[PDB]
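Okay, so we've got the same protein chain twice, two forms, each given alone as structure tokens, structure 1 and structure 2.
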Structure 1
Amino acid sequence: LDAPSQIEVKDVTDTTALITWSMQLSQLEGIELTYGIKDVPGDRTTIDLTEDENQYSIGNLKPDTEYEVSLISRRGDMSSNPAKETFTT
């Protein structure tokens, strides 16, 4: 929808140059992944990830515990309906 914003060539030498830009929040299409012990609802950790990530690895988990993990898409001020999983370490 929106063109990239800012936009600056920097370090322009004789044979080289760096092109720089931004992207608005408008089209910043993102993944959020929340996770925590399932029956402690207040314990939720959020990870935001680039649209291009297709996986993530949660660490520092407690042995023998059941976890819930919730997964949404986010673009600007629209979010998807959540997608929930539950697993037990």
Structure 2
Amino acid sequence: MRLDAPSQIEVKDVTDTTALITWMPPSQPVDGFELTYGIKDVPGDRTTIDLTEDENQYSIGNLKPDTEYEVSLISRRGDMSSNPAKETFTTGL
């Protein structure tokens, strides 16, 4: 059974400290997703959020204003993970 990564990762409603991350789930069943986000140029700043399979969006808060972030999404299925799907965005003043 394949385990594709989500697709069409979009970043919406970007404010100075928040942003809505959306995505299209894979075409196979999964147990959920794992969304990692943090300041792009700061490898040490990475937070990973656990999502159920019926969740296709997540609103991230407490972000740094005017800063470039990178989001990464992985599909999950029993100890197994898909490759990550990524997107970059910059918060607004």
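Definition used throughout: the rigid core is the maximal C-alpha set that superposes within 1.5 Å between two forms. Here, a residue number simply tells you its place in the sequence of structure 1, counted from 1.
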| property | result |
| --- | --- |
| C-alpha of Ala83 moved at least 2 Å between structure 1 and structure 2 on rigid core | no |
| Core-aligned Cα shift of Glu68 between structure 1 and structure 2, given in Å | 0.2 |
| Cα displacement of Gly42 between structure 1 and structure 2, core-superposed (Å) | 1.2 |
| Cα displacement of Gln6 between structure 1 and structure 2, core-superposed (Å) | 37.1 |
